[PDB]
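Structure 1 and structure 2 below are two forms of the same protein chain, each written out on its own as structure tokens.
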Structure 1
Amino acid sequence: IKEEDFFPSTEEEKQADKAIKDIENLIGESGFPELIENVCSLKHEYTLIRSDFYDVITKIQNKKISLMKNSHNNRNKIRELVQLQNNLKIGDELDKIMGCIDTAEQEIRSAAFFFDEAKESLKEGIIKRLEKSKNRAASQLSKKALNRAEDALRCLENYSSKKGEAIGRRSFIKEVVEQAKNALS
């Protein structure tokens, strides 16, 4: 027995290890913990624009209604505030943002759990090979290791698509809200 009989030597060991390594490459040194926080700060940043969004909605509707006492005499001023309210019909993308976030937060929890399952199953595979008479059981554990590594990568891939989209939409609606605030006063 020597050191390198303990390293991915079979071909399914090599594949599982390849799949495990580019998980390691995707997360890199800050690992799953950085990827969990990045969602939580997504959520927080959203919550802040959510509340700016409802603040400005209330204020525009109130200024509108005050002016509408004398609707005839201030119709064009009313039409401008109606124009800000049309611009602020963005309820559908706050909902879309909260959907991406719910999905990101679920997929990174699954990705972490799947990552660990892969490492464990590869380790059990290797042990089963080194135990000399169980290479079929070695093979099964090393294939499960790859199938867990692959579940992890797909979970990470959706995490990234959904976090990216939540960011693009967060920035769209922060702009609309900022534009309505600057417009209004």
Structure 2
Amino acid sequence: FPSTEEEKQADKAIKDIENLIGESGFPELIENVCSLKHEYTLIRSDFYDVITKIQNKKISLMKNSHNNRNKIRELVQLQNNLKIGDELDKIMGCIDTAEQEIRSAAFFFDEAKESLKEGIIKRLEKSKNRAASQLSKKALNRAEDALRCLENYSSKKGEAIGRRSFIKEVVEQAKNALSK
């Protein structure tokens, strides 16, 4: 059992992460990220459904181009402003970063759990040129790193929800300008 202080320190950090992520672990957090990729596609879908409607109206108005001279431009100027693809990009970016940090956190978390236990085997063997404490230090500062990655994850996931709610409203607005 964890005895060397350094082990109880590595131990308590592992338990922090376990309680933080809960009974369902990194797989749960991966699924949270999947769900976001789902949100992303649907809002990309809604965005391009709107471009399509603008283009189909333009074509329809091009029957009498000159007469509809201002109305084409409003839809020209609608499409250019509704060129918010750099916000869709930013959401993609945020999501990609998040799924990155949950793979770093999972890999690091395992590295730490595996390292504490090698640490305890090394001490049970009395093979003590600190090799025991070296594993138990690597363990703590793999936990720290897993917690770092869970930190950045939470930031980027939030930015995603946020950016997505902004563009979803800009799309629904553009959409309900056309439906009349």
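Throughout, rigid core stands for the largest set of C-alpha atoms superposing within 1.5 Å between the two forms. Every residue number counts along structure 1's sequence, beginning with 1.
Assignment of C-alpha atoms to the better-fitting of two rigid parts between structure 1 and structure 2 separates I78 from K119. Fitting C-alpha atoms of each rigid part between structure 1 and structure 2 shows the smaller part swung round by 27° relative to the larger.
Note on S41: its Cα is shifted 0.9 Å between structure 1 and structure 2, core used for superposition. Superposed on the core, the two forms differ at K59, whose C-alpha moves 2.3 Å between structure 1 and structure 2.
When the rigid core is fitted, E178 shows a C-alpha shift of 1.1 Å between structure 1 and structure 2.
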